[PDB]
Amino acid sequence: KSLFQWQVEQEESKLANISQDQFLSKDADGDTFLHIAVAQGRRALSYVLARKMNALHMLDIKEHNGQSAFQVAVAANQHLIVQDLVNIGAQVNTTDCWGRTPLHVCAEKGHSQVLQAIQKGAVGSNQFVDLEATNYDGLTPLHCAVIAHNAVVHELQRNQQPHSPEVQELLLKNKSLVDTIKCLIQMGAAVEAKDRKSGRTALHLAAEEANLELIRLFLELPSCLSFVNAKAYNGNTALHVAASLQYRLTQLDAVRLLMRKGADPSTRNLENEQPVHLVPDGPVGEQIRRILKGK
């Protein structure tokens, strides 16, 4: 007998009482007891309140933010509780009031363990996880994770101090966002999915920031040659974008990496431009031009 089994049977010993009018009732925020317990990390209590709400088919009661208790646990990064909830059938394919799915929230915040919890819980509850769900911004969870990581990387290459409470936070988020992206891909997320606004793939999005870690990660995938030359709505490939960027310290390496992994430098956009036609003026663009031409 593990400890959690004790506190669970122990919990139900303390609240075989409450009952049925008090935990189904909603706060001014719309919060039930489960919402609060979940947010506080009370795993044992959450398990019990969930089982009692579930039997009444009231598990996915949403607060004023359109969040079920499961959605709250996602945001709260309570991956243990998350798995417990999804396991007993908490709806994974749902949105909050901002149009975000639980996967989107995971993606934005880099909650990879929560993501793994959802994967396990959905298997043990026969639920289909929609990895290609789009939010109100037309983005898949993979898209959001990439954009979130771009922001972190862009800042890491900008703040001048290691000891800062923010940088060490940025460093850990740099790691967690990549782990989240790896999980999404392992779960079967389509790297070639296109942002509805502009037709950008996850590769396009990475290229916008010359995000070397993500560009490398994506180009190592088995389907690499199938999306490396994908075009956004304006006809641009990731190579077009990389070759044209405002100067970043990783721009040249991004162009080299794309070339080395099979990107086609002769591809033309809607205005019949090849990446070489988009290079900045001056020495830097000349260096990029050689990379595009060279072997």
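Sequential numbering from 1, following the sequence displayed.
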Mean B factor on CA atoms, stretches 50-58 and 237-245, record says higher is 50-58
Once average C-alpha B-factors are taken from the entry for 190-198 and 170-178, the winner is 170-178
Would you mind checking which of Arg216, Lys109, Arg158, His143 has the top Cα temperature factor in the PDB entry?
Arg158
C-alpha B-factor winner, where the candidates are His204, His163, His149, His104:
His163
Of the three thirds of its chain by CA temperature factor, lowest, middle or highest, which one includes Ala254?
lowest
Entry-reported Cα temperature factor of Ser226, expressed as the chain third it lands in
middle
Would you mind checking where the Cα B-factor of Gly285 ranks among the modelled residues of its chain, as the lowest, middle or highest third?
middle
Lowest, middle or highest third: where is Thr95 by Cα B-factor in its chain?
middle
Where the record places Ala69 (Cα B-factor, split into thirds across the chain)
middle
